[PDB]
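Consider the single chain below, provided in structure tokens and representing the form solved without its partner chain.
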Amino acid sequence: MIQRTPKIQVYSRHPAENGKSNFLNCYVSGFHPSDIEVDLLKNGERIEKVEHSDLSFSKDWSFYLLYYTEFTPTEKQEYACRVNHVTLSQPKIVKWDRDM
């Protein structure tokens, strides 16, 4: 058996083909087992509609999830990614840095 804690990165991207659109991303990497719970938050509340949830593995024991959706951030909103996994005794909340 192997278990590996996810690394979690939260960032925003503009697709170059539609630069006015803005996507909030949670990249959850190198975890095992694959069982996981991942939400994007807006001021502490789960975002219900996340349009993209892309899972892959490299080695049979290394998983990668890109969890992202279109958003419209304002300076006064707080965005984050919340991850639950067997390796995390408490849910891990990673805040979006506005400049990322």
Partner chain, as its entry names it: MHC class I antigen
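Numbering follows the first chain given and starts at 1.
Student: Could you check the entry and say whether 24 to 32 or 57 to 65 has the higher mean CA B-factor?
Tutor: Stretch with the greater average CA B-factor: 57 to 65.
Student: Once you work out the mean C-alpha B-factor for both 91 to 99 and 2 to 10 from the entry, which is higher?
Tutor: Higher mean C-alpha B-factor: 91 to 99.
Student: Divide the modelled residues of the chain into thirds by Cα B-factor and specify which third, lowest, middle or highest, holds residue 38.
Tutor: Lowest third of the chain for residue 38's C-alpha B-factor.
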